[PDB]
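In structure tokens, one chain follows: the form deposited in one PDB entry.
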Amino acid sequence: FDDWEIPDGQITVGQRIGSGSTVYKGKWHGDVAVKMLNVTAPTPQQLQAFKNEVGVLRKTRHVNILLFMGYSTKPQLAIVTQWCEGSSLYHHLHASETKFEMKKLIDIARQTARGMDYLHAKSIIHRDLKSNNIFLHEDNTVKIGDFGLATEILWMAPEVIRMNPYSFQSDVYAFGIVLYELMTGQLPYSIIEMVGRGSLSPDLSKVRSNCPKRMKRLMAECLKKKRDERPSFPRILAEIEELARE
């Protein structure tokens, strides 16, 4: 707690970047990102829950997840992480329209899976995984974010729509959707009633022609309508590592 607190005198909040689970670029012993949560003058109960989550993030460390640097309470709850100069995967794919070579697509998927596997090995469900939460850092690594505050549509699993209902398996389906994004350059269904009941699912015929057959199949496994039929991240990750070498 205390040792991770970044008093508001120590940090310069800069340009507003956008919204997630509200994000600014900032300064604190170098560049950072600061997420301002929608809370000021927290009640003791909110403060407590917040301290609990910061308790989890404190102990998370992996090259493929956003590095946690500290939190603030005044004037607003906030979370500070390292800055990712390469914007988000969502921005790269659907806005600036960057076209990565298939090697790079496979690489991004792999790094994402490494971070997700790590989170899950740490008993952290993401619940919100999407191309918007996948940031590209200057060193060319990929960092998953927005996994904080655990205990507190295009990427949603059918069971998560037709209400837990969240689970590790629903995370896996989100990752399937990200794979779809990577291999079609598009978002799916480009509704709730139809995906929830399993008569509508992402159109896999759309995927790139040079997408390796094992990637396409893994995407399909991750996107299965009944969650028990989805592969865990340990197996997802091994399968990606095998095919990337093959």
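We call the rigid core whatever largest set of C-alpha positions still superposes within 1.5 Å between the two forms. A residue's number is simply how far along the shown sequence it sits, counting from 1.
The records show that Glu152 is omitted from the coordinate set of at least a third of the other eligible entries of this protein. The modelled chain breaks after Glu152 and resumes at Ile153, leaving 10 or more residues of the deposited sequence without coordinates. Of the two segments, 211-219 and 51-59, the one listed with the higher mean B-factor is 211-219 (C-alpha atoms only). For the two regions 91-99 and 122-130, the entry's Cα B-factors average higher over 91-99. Based on the entry's C-alpha B-factors, the most elevated value among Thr112, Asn140, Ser170, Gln82 belongs to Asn140. When the C-alpha B-factors of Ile177, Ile65, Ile192, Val32 are read from the PDB record, the largest value belongs to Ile192.
Among the modelled residues of its chain, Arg16 has a C-alpha B-factor that falls in the middle third according to the deposited record. The entry lists a Cα temperature factor for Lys224 that places it in the middle third of the chain's modelled residues. Per the deposited record, the Cα B-factor of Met163 falls in the highest third when ranked against the other modelled residues of its chain. In the deposited entry, the Cα temperature factor of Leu37 sits in the bottom third of values across the chain's modelled residues. In the deposited entry, the Cα temperature factor of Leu200 sits in the top third of values across the chain's modelled residues.
What comes next is about the form deposited in another entry, which does not appear here.
Residue showing a CA shift of 2 Å or more between the shown form and the other one (rigid core superposed; candidates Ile177, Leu66, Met215, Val34): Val34.
Relative to the superposed rigid core, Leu237 undergoes a CA displacement smaller than 2 Å between the shown form and the other one. Relative to the superposed rigid core, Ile124 undergoes a CA displacement smaller than 2 Å between the shown form and the other one. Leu77: CA moves 2 Å or more between the shown form and the other one after rigid-core fitting. An increase of at least 3 Å in the separation of the C-alpha atoms of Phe135 and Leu37 is found in that other deposited form, compared with the displayed form.
Panel note: the distance between the CA atoms of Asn38 and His94 is larger in that other deposited form than in this form, the difference being 3 Å or more.
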